[PDB]
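Here is the structure we will look at.
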Amino acid sequence: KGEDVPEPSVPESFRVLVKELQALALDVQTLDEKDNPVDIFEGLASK
Amino acid sequence: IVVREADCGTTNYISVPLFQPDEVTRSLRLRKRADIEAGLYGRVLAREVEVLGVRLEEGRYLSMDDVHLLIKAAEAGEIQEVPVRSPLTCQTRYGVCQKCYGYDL
Amino acid sequence: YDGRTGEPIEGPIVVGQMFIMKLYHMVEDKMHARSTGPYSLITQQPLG
Amino acid sequence: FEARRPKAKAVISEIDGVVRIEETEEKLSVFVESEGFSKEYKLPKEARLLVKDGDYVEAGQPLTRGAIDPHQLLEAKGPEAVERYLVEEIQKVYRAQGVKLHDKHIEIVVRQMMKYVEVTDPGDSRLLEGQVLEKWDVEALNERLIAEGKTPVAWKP
Amino acid sequence: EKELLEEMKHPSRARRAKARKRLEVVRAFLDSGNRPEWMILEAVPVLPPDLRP
DNA sequence: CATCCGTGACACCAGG
DNA sequence: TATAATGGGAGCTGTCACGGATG
Ligand SMILES: [Zn+2]
């Protein structure tokens, strides 16, 4: 379209790492500076 | 390790020797030019140096000519070691500062 | 003689017949480029 | 770079003193004698010596020839000595092969090697004797405890 | 933690060392908030199927 | 305060 | 668904350093 490229987002292989660690009974939590969880899966995996 | 600031304000430094003991254990002889250059070039003087009638000020970035001058001074017996800012003594957390590192070679 | 000028090479040059082979590593088989293409199942990264 | 105890390790003096050789036809030892102390270094008979008898040797000065154990040099002579030794010994190899290379980079790496410390007395802190932590963190804790007026942590490099 | 701190004052060097080694794990679990029993699995997780196609 | 032993790690791209 | 049956079977051959166990 002739537009400048957008700022990127989380690469999928890090989501794969997080899920393969959860499969090892390890909770990996992306946090903000207030130590509140950040959802890199955009709610698609939280009930 | 990144250059994270311009100066950590440390007063510490290292002293690059211009002489090494002879393997004969006889005396101290001048180091090789290339070795002194790899030890001093592009670095920041941590203290005032006055040799051969030239003032090399604190905070000065030693150019190659400054190194050749210091070698000449050591040959004339006016200096045996050079005080110099170094990452060994930088106090920047998670890296080093600009003065301690020195030149971008 | 330099073919571009007709002047000679300033010195005498070694010239003679040599046996030279064309090895199996031809650029026709190796030049490759890609804008976008297939990606991998689990990693979603480009194939190799 | 791995700070490994060399195979052909040189024997260094733990303290200062004067050299006293004692070499039987079958065995050999070297004695460093202080004003009120004496250290015995029993080494094999065929080891090359660097000490003329009756000489004054610094702490950590090599008696035998060979490569110095960096950890022994650290205990004997301190961090500045180990940094000097590592930088110079690496540069010896690089100069030998004709490679020009600035001490800056080796010093960066050595700085990362000297990054940690070992607690010797916890003082008024929650730390433990033998606990390993970062020099920066123990120095921050000690500055906060000196601000609080408490006993700081005694740490070893 | 209290028993191990008492052990840390022992004249033996090896006993002090082993007390420190145990107390480091104890204090890791304490400061983190993890129950030790969680090192034992009751519900084994299952990886999403697209990651094992 | 040693020896013995189990467990890590052992270059990059390419095509395969 | 019924005779009796009752303990396996390969393995196949680095090089070093490090931290922990034992002895
Ligand atoms: Zn600095």
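Residue numbers (full-length UniProt numbering), protein chains in the order written: chain A, 1072 to 1118; chain B, 1105 to 1209; chain C, 975 to 1022; chain D, 1263 to 1419; chain E, 474 to 526. Note that the Cβ used here is the ideal one computed from N, Cα and C, for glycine as well.
For B:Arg1164, does the three-state DSSP call read helix, strand or coil?
coil
Would you say B:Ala1142 and D:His1364 are within 7 Å of each other, going by their C-beta atoms?
yes
Just how far apart, CA to CA, sit C:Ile987 and C:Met995?
23 Å
So with Cβ pairs under 7 Å, would you call E:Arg493 a contact of chain D?
yes
Is the distance from the Cβ of B:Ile1140 to the Cβ of B:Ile1175 below 7 Å?
yes
B:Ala1138 versus D:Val1361 - alpha carbon distance:
10 Å
What does the shell around ligand 1 hold, if a residue joins when its beta-carbon is under 7 Å from any heavy atom?
B:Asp1111, B:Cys1112, B:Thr1114, B:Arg1189, B:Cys1194, B:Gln1195, B:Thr1196, B:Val1200, B:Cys1201, B:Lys1203 and B:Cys1204
So is residue 1261 of chain D in contact with chain E if we call contact Cβ pairs under 7 Å?
Nothing about residue 1261 of chain D can be reported from this structure: the residues present for chain D run from 1263 to 1419 only.
Could one say the Cβ of A:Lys1118 lies closer than 7 Å to chain E's Cβ atoms, at least one of them?
no
Which partner residues of D:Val1280 appear in the DSSP bridge assignment?
D:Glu1295 and D:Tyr1318
Give me the Cα-Cα distance between E:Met481 and E:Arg488, rounded to the nearest whole angstrom.
8 Å
With DSSP collapsed to three states, give me the class of D:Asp1383.
strand
Using a beta-carbon distance cut-off of less than 9 Å, what residues from the region 1136-1151 of chain B approach chain D?
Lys1136, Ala1138, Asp1139, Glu1141, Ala1142, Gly1143, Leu1144, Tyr1145, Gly1146 and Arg1147
Distance CB(B:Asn1116)-CB(B:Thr1196) smaller than 7 Å
no
How many angstroms separate the CA atom of D:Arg1327 from the CA atom of B:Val1186?
29 Å
Residues of chain D with CB closer than 8 Å to the CB of E:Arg489, please, in chain order.
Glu1391 and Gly1392
Assumed close pair D:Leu1305, D:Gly1322 - CB separation to whole angstroms, cut-off 8 Å
Going by Cβ atoms, the distance from D:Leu1305 to D:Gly1322 rounds to 16 Å, so no, they are not a contact pair.
Test: E:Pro509 CB closer than 7 Å to a CB of chain A:
no
Decide yes or no for the touch test of the region 504-522 of chain E against the region 1092-1107 of chain A: beta carbon pairs closer than 8 Å, at least 3 of them.
yes
Sorted by chain position, which residues of the same chain lie with C-beta nearer than 7 Å to D:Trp1417's C-beta, five sequence neighbours on each side aside?
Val1379, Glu1380, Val1381, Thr1382 and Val1400
Taking all protein chains shown into account, do 16 or more other C-beta atoms lie within 10 angstroms of the C-beta of D:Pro1332, making it buried, or fewer, making it exposed?
buried
Do the CB positions of E:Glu474 and E:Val499 come within less than 7 Å of each other?
yes
Taking just the CA atoms, how far does D:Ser1296 sit from B:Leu1122?
32 Å
Does the CB of A:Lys1090 have a neighbour CB from chain E at under 7 Å?
yes
Cut-off 8 Å between Cβ atoms - residues of its own chain near B:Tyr1165, not counting five sequence neighbours on either side
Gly1146, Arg1147, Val1148, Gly1206 and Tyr1207
Is there contact here, the region 1012-1020 of chain C with the region 1074-1094 of chain A, by at least three beta-carbon pairs under 8 Å?
yes
State yes or no: is the C-beta of D:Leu1325 within less than 7 Å of the C-beta of D:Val1292?
yes
B:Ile1175 touches chain D at which residues, Cβ-Cβ below 9 Å?
Chain D residues near B:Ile1175: none, gap ~16 Å exceeds 9 Å.
Range of the contiguous alpha helix (DSSP H) that encloses A:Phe1085
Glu1083 to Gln1093
Please tell me whether B:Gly1181 and B:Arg1108 are closer than 7 Å, where the distance is taken between their beta carbons.
no
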